[PDB]
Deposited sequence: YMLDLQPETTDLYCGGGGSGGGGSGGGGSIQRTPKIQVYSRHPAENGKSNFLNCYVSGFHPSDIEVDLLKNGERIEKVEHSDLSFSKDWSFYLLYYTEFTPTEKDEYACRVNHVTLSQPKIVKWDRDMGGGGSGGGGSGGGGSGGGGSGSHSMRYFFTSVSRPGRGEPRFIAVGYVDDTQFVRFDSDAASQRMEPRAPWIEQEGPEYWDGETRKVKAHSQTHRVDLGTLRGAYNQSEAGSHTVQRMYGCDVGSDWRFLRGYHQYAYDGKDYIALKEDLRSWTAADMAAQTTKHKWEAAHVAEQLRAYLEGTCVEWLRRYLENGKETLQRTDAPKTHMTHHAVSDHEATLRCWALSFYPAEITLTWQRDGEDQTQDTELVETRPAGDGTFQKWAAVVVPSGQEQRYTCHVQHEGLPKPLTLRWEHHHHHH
C-alpha cells in the first residue's frame, strides 16, 4: 500500500559478480543457473549467460532494486540441465569496465518491514524516462511496475497478494503512476539545479517504508531521495524534519517544511504503512512468517577454509571467523552465503566458523 497522496515535487560503482546454481549441481538433473550482479551504479548493465562460448537465448532477470548505499542489484537466471562436457559462465558489461568481464561457473522471532523502491532513469531523445518500482515485505518482493512493460499496471509478484480485488489494483496503479509523474518533473528540475545539459542520463531514487517488531508495533520509518546515487534529501529518524545533503537541496527542504509535507508522510509511515504490513503478514503467513534454517557445511604453504550456508530465509545472517561474499538469492525465495579465511596448512583446528541466523535455536560453531 503506497502513499495515497501524490508526493511533493522538488559517483560510479562497479558490479560484484557471482555465478552459481540454485541447487547443488547433479549431472542430468534439471537446475537453475544464476548470475547475481550487485553493488553497481549507474543502472545500465549488460548481462549474458554463456554455454560453451555461446549466448543462452531465453534468459530472465529480476526487477531492478537497490540497497541502503543506493547501489543496484539484479539476478539473471535461466533453466538448464548440466552435463559432463558443458561449460557455463556469465559476462557483464558496465560503464566502469574497460572490457566485459567473464565469470565461469565453478561447479566444485524477528522484526518485519514493508519497503517500496523507486528508480527513474532519463533517456535523452529516446522517449519518456524509464520508471521501475518494486514492493517488498521483509525480503520477499510482492509488487512491481515497469513503464516499459505491456500492462502499464501494478503487477503481483507473490501468491498472497493476488487475493486482492480490482479496487486495490486500480488504486495502486493510480498511485504508482503518480509517483511516476512526480519523478519525471524532478528529473528536469534537478537537471537545472545542477546545471546539466539536456543530453546526459540521470537517475532519481526514492525509498520509503516502515519497520515493526515481533509484536507488529511500529518501530522505525524511512523516506529517502537520491540523485545519481548521491543523497539529496531524506526524512530524519524522528519523521518530523528533513536532512538536506547540499546547497541545491535546501531550497526543497524549505519548500517542504513550508508545506508541512513531513506530517502527511509521518501519518502514512506510522499508521497506514503499519496497518497494511500487518494485513500482508497475515494473508501470506504461510510464506512471510516462515523461517528456513541454513543447511550449513564447510569447504577446504597456506590453505583456504570456506564456511557455506544455503537455502535459508530470511537473508539476515552472520558468518564470522575466530573474505565475506555478499548474500545472494537462490531464485526460489531462499538465499546463500559463504565466508573464507586463509590458514597455514596444519593449523586448521584452531579456527572456527560462527553462524548467527534468525531461524537457528542457538549459534552454530564449525571447525575442521
- Message: Counting from residue 1 of the deposited sequence, where are the gaps with no C-alpha coordinates?
- Response: 11-29, 128-147, 340-344, 367-376, 423-429
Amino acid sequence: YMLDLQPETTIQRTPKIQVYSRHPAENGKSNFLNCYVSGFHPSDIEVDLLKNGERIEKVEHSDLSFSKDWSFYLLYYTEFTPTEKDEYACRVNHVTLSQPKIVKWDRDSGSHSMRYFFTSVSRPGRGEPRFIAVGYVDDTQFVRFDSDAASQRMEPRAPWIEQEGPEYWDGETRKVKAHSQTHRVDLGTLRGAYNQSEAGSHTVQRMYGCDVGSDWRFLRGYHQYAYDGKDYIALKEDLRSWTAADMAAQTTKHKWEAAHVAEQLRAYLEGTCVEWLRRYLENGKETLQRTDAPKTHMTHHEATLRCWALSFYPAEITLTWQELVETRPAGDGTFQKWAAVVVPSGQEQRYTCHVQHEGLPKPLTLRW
From here on, numbers count along this sequence of modelled residues.
- Item | Stretch with the higher entry mean CA B-factor, where the candidates are 185-193 and 110-118 | 185-193
- Do the C-alpha atoms of 48-56 or of 25-33 have the higher average B factor in the entry? 25-33
- Member of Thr318, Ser43, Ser65, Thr334 with the greatest C-alpha B factor (per the PDB record): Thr318
- Item | Selection by C-alpha B-factor (highest) of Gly171, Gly200, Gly284, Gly271 | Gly200
- Note on the structure: Tertile call for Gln18 (CA temperature factor, within chain, third-based) is the lowest
- Would you mind ranking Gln322 by its C-alpha B-factor against the rest of the chain and naming the third, lowest, middle or highest? highest
- Could you tell me which third, lowest, middle or highest, the C-alpha B-factor of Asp138 occupies within its chain? lowest
- By its CA B factor, does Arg328 count among the lowest, middle or highest third of the modelled residues in the chain? middle
- Item | Chain third (lowest, middle, highest) by recorded CA B-factor, residue given as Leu219 | middle
